[PDB]
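We begin with a single chain expressed as structure tokens, specifically the form deposited in one PDB entry.
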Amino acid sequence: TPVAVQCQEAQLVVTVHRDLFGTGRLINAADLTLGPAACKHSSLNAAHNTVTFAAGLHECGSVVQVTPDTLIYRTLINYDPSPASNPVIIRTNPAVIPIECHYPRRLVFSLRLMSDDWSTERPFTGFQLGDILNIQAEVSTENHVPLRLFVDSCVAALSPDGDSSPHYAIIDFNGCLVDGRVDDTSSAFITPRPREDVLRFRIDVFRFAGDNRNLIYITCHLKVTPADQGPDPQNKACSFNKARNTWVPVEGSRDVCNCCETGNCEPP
């Protein structure tokens, strides 16, 4: 391959061949960056036409997933060609190369991207518009009492910072899946839950206008209450159903979702 990744103790070192597409045509070093933060290269090797990136495991907008036995750090190499002689045309396409580092591990919340049958976890690549993201939120089964898990908000963006522009709220107002309210989406929480401390939901795939990297990050605010406690306008998981024109909670009284339509579920 044209990309070599060294997963070291507390950094990763990525070496990229400037002959990135095996055509023999060399890309510009300055057109390659690391992570959604677009960090610049740390060194070049002219003799071998390579470009090297070195970053701490938490730097440059990397994302960590904590599994029972493993820590997985995911990032990417961005190739963004400099302008053609006349910028209205493109002679060379951009590209994104996913980078991953796995480490044995030495309340914990987690989000996992599941296959459509929810049997297994699936790759983060190979989505096309028309596809559905199946997201499973969960919270570790620590000794402590039985819990119920909610997702207060999820925001999509072009980097792990959901406050950056552009961004798009998928879940808002303390558990209202607002993406399901509009257009022709089928986005919704799944019912019933597998367990009270697991919450599943599906989102129609989308992408951000004007973004030529064609990727998204989703950042969610997860929280728990005691398992037994009644859902209320502050703690709930509601979906909109266009057919019936109504909000519907995963559990609890129908009217707990009323605030979803008004766009404010804070209690004053």
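The term rigid core refers to the most C-alpha atoms you can superpose between the two forms while keeping them within 1.5 Å. All residue numbers are counted from 1 along the displayed sequence.
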| property | result |
| --- | --- |
| Interval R106-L107, deposited residues with no coordinates in the entry (none, 1 to 3, 4 to 9, 10 or more) | 10 or more |
| Greater mean Cα temperature factor according to the PDB record, 207-215 or 223-231 | 223-231 |
| Mean Cα B-factor comparison, 81-89 or 160-168, giving the higher one as deposited | 160-168 |
| Deposited CA B-factor, highest of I190, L133, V182, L71 | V182 |
| Largest Cα B-factor, entry values, listed residues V13, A10, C260, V16 | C260 |
| Third of the chain, ranked by Cα B-factor, where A4 sits | lowest |
| Third assignment of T50 from its chain's C-alpha B-factors | lowest |
| B-factor third for the C-alpha atom of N241 within its chain | highest |
| For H102, the third of its chain into which the C-alpha B factor falls | lowest |
| Chain third (lowest, middle, highest) by recorded CA B-factor, residue given as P94 | lowest |
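Same protein, other form: the form deposited in another entry, not shown, and the subject of what follows.
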query: 2 Å-or-more CA mover between this form and the one not shown, where superposition uses the core and the choices are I132, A84, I72, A169; finding: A84
query: Shift of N93 between this form and the one not shown at or above 2 Å (CA, core fit); finding: yes
